[PDB]
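1. experimental structure and its sequence below.
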Number of protein chains: 2
Amino acid sequence: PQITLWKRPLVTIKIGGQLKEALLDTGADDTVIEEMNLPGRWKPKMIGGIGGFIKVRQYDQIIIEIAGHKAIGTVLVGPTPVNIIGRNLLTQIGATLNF
Amino acid sequence: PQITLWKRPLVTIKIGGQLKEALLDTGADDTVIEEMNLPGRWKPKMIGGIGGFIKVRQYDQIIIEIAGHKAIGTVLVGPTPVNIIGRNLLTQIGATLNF
Ligand SMILES: CC(C)[C@H](NC(=O)[C@H](C)NC(=O)OCc1ccccc1)C(=O)N[C@@H](Cc1ccccc1)[C@@H](O)[C@H](O)[C@H](Cc1ccccc1)NC(=O)[C@@H](NC(=O)[C@H](C)NC(=O)OCc1ccccc1)C(C)C
Ligand SMILES: Cc1ccc(S(=O)(=O)NC(=O)NC2CCN(c3nccc(C(F)(F)F)n3)CC2)cc1
C-alpha cells in the first residue's frame, strides 16, 4: 500500500482471533495496545510518552496479522489512548516512510 | 528518499532560521517542537498522548524546511522530550507509508 497522512493511519490488525484497528506509528519504538486475552503472565515494563511515563504489560512471541501481513513480536498492553503499531513490528512487514 | 525503520527516523529541519533534528511521527496529529521564540502570535492549547497531557503555544502559518523540503503550517511549542513533525506537515511534503 501507499498510505497518505490526511487522516490517522488506522489499519485492520488481528491477534489470537481478535479483529481490531491500529495506528501505524513511525515515532513509536514499541507496539502498544489497550487490551487482549494474551499469554497469561507478563514481565512489567516502563514506556516513554509526551506527558510522562507509563507501566505496561510485555508479551513476547506474539503472532499478529497487520493489514494482511504476518508478524511476530513484543506487544505491550498499557493505558494507551489508541492501538499503536510501532517500529518493532513495522520493520518485518517492510514498512517505510517515503517523500 | 525511502526511510526504512530499524532506527528512529530523525531528519534535519530548518525552523526560525535555526537548524534542528526532528522525528517523523505518523501517529502525531500535530507538530510539536521544543522551546524557541517564533514570529507572530500564539494561542494556548493542550495536547495529550502517552503519559498524559502537556501545554503548548500554538503558532500558525510557520514556514519550516524538512529534509530540505519547504512547508507552511501550524507548529506547537512546548516541552516535548523530542521534536515531532506530525501528520499536519507530513501531508505537505508528500510523505507516505509504503509496504
Ligand atoms: C508508543 C511509545 C512506545 C512511544 N514512546 C517511545 O518510543 C519512547 C521515546 N521510548 C520507549 O518507550 O522505550 C522504552 C523505555 C522508555 C524510556 C527509557 C527505557 C525504557 C511514544 O510515546 N510515541 C509518540 C512520540 C513520542 C516519542 C518520544 C518521547 C515523546 C513522544 C507518538 O509517536 C505516538 O503517536 C503517540 C501515541 C498516540 C497517538 C494519537 C492519540 C494519542 C496518543 N502520539 C502523541 O503523543 C501525539 N498525540 C496526538 O496525535 C493527539 C494530538 N492527542 C490525542 O489524541 O490524545 C488524547 C488522549 C490523551 C490522554 C488519554 C486519552 C486520550 C503527539 C501530538 C505527540
Ligand atoms: C503491493 C501493493 C502496491 C500498491 C498498492 S496501492 O493500491 O497503489 N495504494 C493504497 O492502497 N493506499 C490506501 C488504501 C488501502 N489501505 C490499506 N492497505 C492495507 C491494509 C489496510 C487495512 F485495512 F488493514 F487497514 N488498509 C490504506 C492506504 C497496494 C499494494
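-> Everything's here; your move. Numbers count the residues shown, from 1 in each chain, chains lettered A, B, ... in the order given. Ligands and ions are numbered 1, 2, ... in the order given.

2. alongside ligand 1, which residues does chain A contribute?
-> Within chain A, the positions lying close to ligand 1 (C-beta under 6 Å from any ligand atom) are A:23, A:25, A:27-30, A:32, A:46-50, A:81-82, A:84, A:86. (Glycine included, C-beta is placed from N, CA and C.)

3. selecting buried members of those residues in ChimeraX, what would you type?
-> To isolate the buried ones among the residues of chain A next to ligand 1 in ChimeraX, judged by 16 or more other C-beta atoms under 10 Å in any protein chain shown, type:
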select /A:23,25,27,28,30,32,47,49,50,82,84,86
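
4. just flag the most distant two among the residues of chain A next to ligand 1.
-> Spanning the widest gap among those are A:23 and A:46, at 20.6 Å by C-beta to C-beta.

5. returning to what we had before: out of the residues of chain A next to ligand 1, which comes closest to ligand 2?
-> residue A:23 (10.8 Å; C-beta to the nearest ligand atom).

6. how close does that closest one get to residue A:10?
-> With the distance defined as C-beta to C-beta, to the nearest Å, residue A:23 ends up 6 Å from residue A:10.

7. out of the residues of chain A next to ligand 1, which sit inside strands?
-> Mapping the residues of chain A next to ligand 1 onto strands (DSSP state E) picks out A:23, A:32, A:46-49, A:84.

8. give me the subset of the residues you listed touching chain B.
-> A:23, A:32, A:47-49, A:84 (C-beta under 8 Å from any C-beta of the partner chain).
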